[PDB]
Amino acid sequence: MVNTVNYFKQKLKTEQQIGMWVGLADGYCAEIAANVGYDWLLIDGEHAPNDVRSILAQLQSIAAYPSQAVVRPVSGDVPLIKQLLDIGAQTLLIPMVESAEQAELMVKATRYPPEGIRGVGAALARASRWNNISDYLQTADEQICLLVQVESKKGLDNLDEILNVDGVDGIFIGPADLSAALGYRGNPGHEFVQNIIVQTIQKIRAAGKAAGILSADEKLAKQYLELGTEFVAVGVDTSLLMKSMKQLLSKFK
């Protein structure tokens, strides 16, 4: 067996990938989402009630389908990053990255020694298919994709420095955390917030990195795609489930 190709990573330079947030925290729900045809699914370990074992179940469900899995850990925790890579998550989205130094540590956390600090345990890892991928320790690093979130003032204050870090494949803008940080909590649609988001997208792409974002607003999402934003999540399973059930009930009250 050859290592699983990270098509999400390759497509960062060839197309615009449409994403779905997966926070139902469940193998069975993850599989329903996997049947739709999204370019990528974000398994949310930060804002959905997930742990390593529930993320593994969802990776196993999604693996039969073409949708590419991206995992968001709760934080940029080196040992948690090790755990998520070994269950075979090939793309990670690190929340609240605020310096070149933190971004550099996240790069190393995804690469084997001697160049990185990823803990070595290939005999035990779904990532290596328990060494059924015979050359995994040689081919692993190339199919790993690192995304970092800029979603705070300090993040924006260190944007040019983060964009200079080799091994950061993409910067993803978090409008909820960023609008809150800017004193517009719950109102990311405000012009003050949107002008910073557009400028930020433009700066990311000018430094040769992939830009990403989440908006459940169809107009905002289409605007980001027109700017050339490489990875755009367009909704959230929890939100779509709630809204679809409320919209149906309102037809009958």
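Throughout, we count residues from 1 along the sequence that is shown.
Between 215 to 223 and 63 to 71, the higher mean Cα B-factor belongs to 215 to 223. Taking the mean C-alpha B-factor of each stretch as recorded, 190 to 198 and 46 to 54 are not equal, and the higher mean is that of 190 to 198. Highest C-alpha temperature factor among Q83, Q143, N158, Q102 per the entry: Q143. The PDB entry assigns its highest CA temperature factor, among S152, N132, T91, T110, to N132.
The deposited CA B-factor of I18 belongs to the lowest third of values across its chain. The PDB entry assigns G174 a C-alpha temperature factor belonging to the middle third of its chain's modelled residues. Among all modelled residues in this chain, the alpha-carbon of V165 has a temperature factor (C-alpha) in the highest third. When the CA B factors of the chain's modelled residues are split into thirds, the value for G121 lands in the middle one. In the PDB entry, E115 places in the highest third of its chain by CA B-factor.
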